[PDB]
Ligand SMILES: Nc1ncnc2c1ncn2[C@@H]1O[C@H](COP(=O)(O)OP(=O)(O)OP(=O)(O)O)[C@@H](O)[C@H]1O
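Coming up is one lone chain in structure tokens, specifically the form solved without adenosine-5'-triphosphate (ATP).
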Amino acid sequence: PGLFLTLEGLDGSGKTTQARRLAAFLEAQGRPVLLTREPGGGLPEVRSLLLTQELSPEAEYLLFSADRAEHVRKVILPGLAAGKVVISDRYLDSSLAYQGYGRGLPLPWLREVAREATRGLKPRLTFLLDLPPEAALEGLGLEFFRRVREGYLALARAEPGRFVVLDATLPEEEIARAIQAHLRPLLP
């Protein structure tokens, strides 16, 4: 039971605002909700480790993955088991976009790591707030953000049932209404 939803996008895309808005919206309907986030929902100390100077992209991903593994096991799966709507502000797609398309790590390896880390748990829907890259860890420059932005769009084209792509430049309340509309058939 339960319903697993995620929000994705660049830094500054509004996906945090929308995750919180959505949690409150659902709670106002009387639904049990668990709002969480990555990095840090699993292992809060990972945020310290991720700041390490000159971190290799492989190490970077492995840190995100350690947090994710703890997050899935200790937070998300137990929430879903209790019938909650679990909303994560970022999940595996963030790694695929940032560490895969951004840093250049091989997607198949990212997925193999992830398969045990996540126990195969995938969100039902993922709301991608698509932000122009100039409107957006070391080396987070414009070239990187272009790769990440386009990578997210690629992920969305590859799983077009799961991803809902939203124009992050729209007013926050219009974005929220669009998210709500996509959810109504799942949450009567």
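Between two forms, the rigid core is the largest collection of C-alphas that superpose within 1.5 Å. So that there is no doubt, residue numbering starts at 1 and follows the sequence shown.
Root mean square Cα distance to the shown form, taken over structures and residues in 6 other deposited structures of this protein after a core fit, is higher for 50-58 when 50-58 and 119-127 are compared. Rigid core fits of the other structures in 6 other deposited structures of this protein place the C-alpha atoms of one stretch farther away on average; of 144-152 and 41-49, that stretch is 41-49.
Among other deposited entries of this protein with both flanking residues present, at least a third omit coordinates for residue 137. Where coordinates are absent for parts of the deposited sequence, a chain break appears; between neighbours residue 55 and residue 56 there is no such break. Averaged over CA atoms, B-factors in the entry run higher in 140-148 than in the other of 140-148 and 63-71. Averaged over CA atoms, B-factors in the entry run higher in 78-86 than in the other of 96-104 and 78-86.
Residue-level temperature factors show residue 18 in the lowest third of its chain, judged at the C-alpha atom. Remark: residue 162 belongs to the middle third of its chain, ranked by C-alpha B-factor as recorded. Among the modelled residues of the chain, residue 42 sits in the middle third by CA temperature factor in this PDB entry. Ranked within its chain, residue 117 lands in the highest third, by CA B factor from the PDB record.
When all modelled residues of the chain are sorted by CA temperature factor, residue 48 is found within the middle third.
From this point on, the text means the form deposited with adenosine-5'-triphosphate (ATP) bound, which you will not see here.
adenosine-5'-triphosphate (ATP) is not drawn, but in the deposited complex it has no heavy atom within 4.5 Å of residue 164.
At a distance threshold of 4.5 angstroms between non-hydrogen atoms, residue 90 is in contact with adenosine-5'-triphosphate (ATP) in the deposited complex. For the chain shown alone, residue 23 is not a contact residue for adenosine-5'-triphosphate (ATP) in the deposited complex, no non-hydrogen atom being within 4.5 angstroms. When contacts are judged by a 4.5 Å heavy atom cut-off, residue 179 does not count as touching adenosine-5'-triphosphate (ATP) in the deposited complex. Looking at 1-17, the residues that come within 4.5 Å of adenosine-5'-triphosphate (ATP) in the deposited complex, counting any heavy atom, are 10, 11, 12, 13, 14, 15, 16, 17.
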